[PDB]
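Protein chains: 2
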Amino acid sequence: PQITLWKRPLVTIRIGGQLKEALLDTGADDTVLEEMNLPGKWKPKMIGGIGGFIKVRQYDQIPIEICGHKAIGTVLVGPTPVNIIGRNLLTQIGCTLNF
Amino acid sequence: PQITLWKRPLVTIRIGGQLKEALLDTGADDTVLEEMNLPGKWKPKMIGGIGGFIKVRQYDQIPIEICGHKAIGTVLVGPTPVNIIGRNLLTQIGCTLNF
Ligand SMILES: COc1ccc(S(=O)(=O)N(CC(C)C)C[C@@H](O)[C@H](Cc2ccccc2)NC(=O)[C@@H]2CN(c3ccc(C(C)=O)cc3)C(=O)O2)cc1
């Protein structure tokens, strides 16, 4: 598909029985999801943006479906106001910027 | 061009006769540049981000050439972690996400 940017590029993602709306975000190195109690091992991390840093939990090799496309990779879980699909997964579903 | 996402989508911009590098950021509503001088009237504003809120200066109707494509619009100047080109200007240069 082609997604214009007149509005926020929100799409439906699936992570383990939770469907969520998330931003396809070319400005995000990593994927950052709203607080959720995922199973498995994790490591603490800090990530920074406008306003400063938040503390997140890094989970590896988590399967996630994005607009019906399969992906699997690292997801950061913490008190983000919005679910963010970063470049680590955007590449996996074949996403490019075009102009 | 077509820009893939295995690396940060950084491009050269021209603004006020100066060249800068900026991040094409589909997850950003607004274009926000690091501290710099721009001519003309500005308004104090506050914007949000992943880590909280910051104070910025709002300059309206500013020309920027983004990777060879002309835009004229709102530029916010303040303590963003990196220069970001948001949807307000990405739309102007005809940028879409494609997968
Ligand atoms: C290492 O991995 C990372 C992934 C993501 C980030 S990030 O989220 O800080 N950030 C990095 C960028 C600033 C260089 C990605 C941006 O696209 C990032 C994604 C995002 C975060 C929080 C809320 C909305 C959108 N966008 C922004 O910072 C701004 C904030 N923002 C926004 C925030 C709040 C509001 C309100 C309250 O009305 C309106 C707009 C917006 O539209 O873009 C940082 C690191």
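These protein sequences, in sequence, are chains A and B. Residue numbers for the first sequence, in full-length UniProt numbering: 1 to 99. Residue numbers for the second sequence, in full-length UniProt numbering: 1 to 99. Backbone N, C-alpha and C define an ideal beta-carbon position, used for all residues, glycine too.
- Within 10 angstroms of the beta-carbon of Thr12 of chain A lie fewer than 16 other beta-carbons, which makes it exposed.
- Within the DSSP secondary-structure output, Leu10 of chain A pairs in a beta bridge with A:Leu23.
- Look at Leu89 of chain A here: in three-state DSSP terms it is helix.
- Taking the CA atoms as reference points, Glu21 of chain A sits about 23 Å from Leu23 of chain B.
- Just measuring C-alpha positions, the residue of B:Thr91, B:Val56 and B:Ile84 sitting nearest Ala71 of chain B is B:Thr91.
- Here the C-alpha atom of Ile54 of chain B lies approximately 18 Å from the C-alpha atom of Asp25 of chain B.
- For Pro81 of chain B, the closest C-alpha among the options A:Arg8, A:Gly94, A:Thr4 and A:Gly49 is that of A:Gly49.
- In this structure, the alpha-carbon of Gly27 of chain B lies about 23 Å from that of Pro44 of chain B.
- At a cut-off of 8 Å, the C-beta of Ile47 of chain B has a neighbouring C-beta in chain A.
- In this structure, ligand 1 has no non-hydrogen atom nearer than 7 Å to the beta-carbon of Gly52 of chain A.
- Not a single heavy atom of ligand 1 lies less than 7 Å from the C-beta of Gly17 of chain A.
- Identification of chain B residues near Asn98 of chain A by a Cβ-Cβ cut-off of 9 Å yields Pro1, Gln2, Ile3, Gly94, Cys95, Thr96, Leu97 and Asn98, ordered along the chain.
- In the DSSP assignment, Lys70 of chain B forms a beta bridge with B:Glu65.
- Closest by C-alpha distance to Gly17 of chain A, out of A:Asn98, A:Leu33 and A:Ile64, is A:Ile64.
- Around the beta-carbon of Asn83 of chain A, 16 or more other beta-carbon atoms lie within 10 Å, marking it buried.
- The distance from the Cβ of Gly51 of chain B to that of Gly51 of chain A is about 4 Å, consistent with a contact at the 8 Å cut-off.
- Here the C-alpha atom of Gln2 of chain B lies approximately 6 Å from the C-alpha atom of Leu97 of chain A.
- Annotated three-state conformation of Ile50 of chain A is coil, per DSSP.
- When only Cα atoms are considered, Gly40 of chain B and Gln61 of chain B end up about 10 Å apart.
- Bridge pairing for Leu33 of chain B: B:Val77 [DSSP].
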